[PDB]
Amino acid sequence: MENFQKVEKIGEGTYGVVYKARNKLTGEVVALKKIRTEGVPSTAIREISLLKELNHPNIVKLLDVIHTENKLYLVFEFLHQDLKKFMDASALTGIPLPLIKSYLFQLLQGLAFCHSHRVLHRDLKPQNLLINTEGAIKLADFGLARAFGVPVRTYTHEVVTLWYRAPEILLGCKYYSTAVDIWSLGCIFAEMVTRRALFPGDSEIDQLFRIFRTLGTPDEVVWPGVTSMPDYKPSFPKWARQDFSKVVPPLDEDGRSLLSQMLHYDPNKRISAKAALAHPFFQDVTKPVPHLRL
Ligand SMILES: NC(=O)c1cc([N+](=O)[O-])c(NCCCC(=O)O)cc1NCc1cccnc1
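For this deposited structure, the header cites X-ray crystallography as the method used and 1.75 Å as the resolution.

With the PDB entry as reference, the protein is termed Cyclin-dependent kinase 2, source organism Homo sapiens. The title assigned to this entry in its PDB record is "CDK2 in complex with inhibitor KVR-1-156".

A look at the sheet that holds strand β3 (residues 29-35)
Read across the sheet, 5 strands follow the order β1-β2-β3-β5-β4 without closing on themselves; strand pairing throughout is antiparallel. Looking at the sheet topology across the chains shown, the edges are occupied by β1 (4-12) and β4 (62-68). For this sheet, the mean inter-axis angle between neighbouring strands, taken without regard to orientation, is 25°. As judged from the 6 bridges shared by β3 and strand β5 (residues 71-77), these two strands associate in the antiparallel manner. For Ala-31, the partnering residue across the bridge sits in β5 and is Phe-76.

Some remarks on the site of the ligand
The environment of the ligand is formed by 13 residues, the closest being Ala-31, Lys-33, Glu-77, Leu-79 and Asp-82. In the model, a nitrogen atom of the ligand is placed 3.1 Å from a nitrogen or oxygen of the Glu-77 main chain. Within the backbone of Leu-79, a nitrogen or oxygen atom sits 2.9 Å from a nitrogen atom of the ligand. With respect to the detected pockets, the ligand is housed in the largest pocket. Elements with a minimum of two residues in the shell around the ligand: β3 and β6 (81-82). Counting only domains with at least three residues in the shell around the ligand, you end up with domain 1 (1-80) and domain 2 (81-291).

Some thoughts on helix α3 (residues 97-116)
For α3, spanning 20 residues, the distance from its first C-alpha to its last is 28 Å, which sits close to the expected 28 Å at 1.5 Å a residue. Where burial is concerned, most of α3 is hidden: 14 out of the 20 residues are buried. Of the residues trailing α3, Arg-118 is marked for its positive phi of about 65°.

Here we look at the layout of surface pockets
Roughly 1000 Å³ of volume is contained in the largest pocket. Around the largest pocket sit 37 residues that line it, and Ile-10, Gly-11, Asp-82, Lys-85 and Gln-127 are the ones nearest its centre. Secondary structure elements with two or more residues in the lining of the largest pocket: β1, β2 (17-23), β3, β5, β6 and α2 (83-89). Across the lining of the largest pocket, the residue classes tally to 13 nonpolar, 10 polar and 14 charged. When we break the lining of the largest pocket down by domain, the ones giving at least three residues each are domain 1 (1-80) and domain 2 (81-291). Within this model, the second largest pocket holds a volume of roughly 640 Å³. Looking at the second largest pocket, it is lined by 32 residues, and the ones nearest its centre are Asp-123, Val-150, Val-160, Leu-162 and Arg-165. For the lining of the second largest pocket, the class distribution of residues is 16 nonpolar, 8 polar and 8 charged.

Some words on the nonpolar core
Of all hydrophobic cores here, the largest spans 84 residues; its most connected members are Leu-74, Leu-83, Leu-104, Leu-108, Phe-189, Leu-258 and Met-262. It is helix α6 (residues 179-194) that provides the largest number of residues to this core, a total of 10 residues. Here this core spans two domains, and each of domain 1 (1-80) and domain 2 (81-291) adds at least three residues to it. Excluding its chain neighbours within four sequence positions, the residues that come into contact with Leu-108 are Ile-182, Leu-185, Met-262, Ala-273, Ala-276, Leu-277 and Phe-282.

Points about the packing of α3 against α6
The description of two helices packed together rests on the angle between their axes and the distance between the axes. Where α3 meets α6, the axes come as close as 11 Å, and the angle between the chain directions of the two elements is 170°. It follows that α3 is roughly antiparallel to α6 by the angle criterion. For the pair α3 and α6, contact is made by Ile-100, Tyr-103, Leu-104, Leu-107, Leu-108, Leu-111 and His-115 and by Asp-181, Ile-182, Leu-185, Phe-189, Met-192 and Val-193, respectively. Tallied by class, residues from the contact of α3 with α6 come to 11 nonpolar, 1 polar and 1 charged.

Rules used in this analysis
- Residues numbered from 1 in each chain as written, not as in the entry; some residues may be left out.
- Heavy atoms only, no water.
- Pairing = 2+ DSSP bridges.
- Helix = DSSP H or I, 4+ residues; strand = E, 2+ residues; numbered from the N terminus.
- Axes fitted to C-alpha atoms, helices over the stretch in contact; angles between N-to-C directions.
- Near = heavy atom within 4 Å.
- Polar contact = N/O pair within 3.5 Å; in protein donor to acceptor, adjacent residues only side chain to side chain.
- 1 Å grid on protein atoms, 1.4 Å probe; cavity = no way out; pocket = protein on both sides within 12 Å on 5 of 7 lines; lining within 4 Å.
- Sits in = over half its atoms within 2 Å of the grid points.
- Domains from an automatic or database assignment.
- Expected span 1.5 Å × (residues − 1).
- Buried < 20%, exposed > 50% of the residue type's maximum accessible area, 1.4 Å probe, protein only.
- Points joined across faces, edges and corners; volume = space filled by probe spheres on them.
- Nonpolar A, V, L, I, M, F, W, Y, C, P; charged D, E, K, R; others polar.
- Core = buried A, V, L, I, M, F, W, Y, C linked by side-chain atoms within 4.5 Å.
- Contact = heavy atoms within 4.5 Å.
- Parallel < 35°, antiparallel > 145°, perpendicular 65-115°, else oblique.

So, in structure tokens, the structure goes:
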């Protein structure tokens, strides 16, 4: 990197390698992502470029989109840890409820902002949620999925996780709505509470069936139009819905109520980020600081 001294390899993203780097001129420390074949789609350039204006305190800031030497680099503000690592590290005692609530509240503010500007994430997961020592949490990679697509395998053959995928996506819908992000966030909220992934599928059908086994196989009553979806099969087994009290114990009724609205099958009935922010669950929200050992 000409203007960047590579500090460390942060990981192998969905699109390419990500490095923590230091701008040799300003000294600012950033996250530099090298995106993957030959020519760089011009449409992706314009689209990604527009994201430079999508600024909000709970959205990882896109500092620059470098299209030089016919290669694509994205420069992002740097945060020291992601939620996946934090959850793993908090697995023995669990993340305290006040912090889970603060993070969920901040994540919803972030979604509310992007959604009002017509930008969707589409692939939210704990690894895409970044946190700092101040108690803030931010969403990373908003809008990139649209600029590219679903790779199935990152770039190093790693398997892309399906655990947070909305059911309308699994059923073949071609047009995603903002509801897909609320679904993923609901799945993450449940994982923070129980300390185990809600729907850890290892194939598209296993993912769909794990959802059906917990929330019941969807039908025309709860989801008008579901039986006409591209990948819907009348042969899907019919499972009864389980009670949330059994799905995310020992979360209280305000939390179960909100989660239930974030996991509604019908994308149109699923709660919006804006409405979720007004839910009684956030009546006593605060902003605690996490125990972060960097
Ligand atoms: N913008 C960023 O600061 C950042 C970007 C990406 N990413 O662009 O991908 C990322 N990968 C998420 C890791 C995904 C994984 O392999 O599990 C993590 C980040 N920071 C948190 C962090 C975490 C660990 C070490 N150091 C910093």
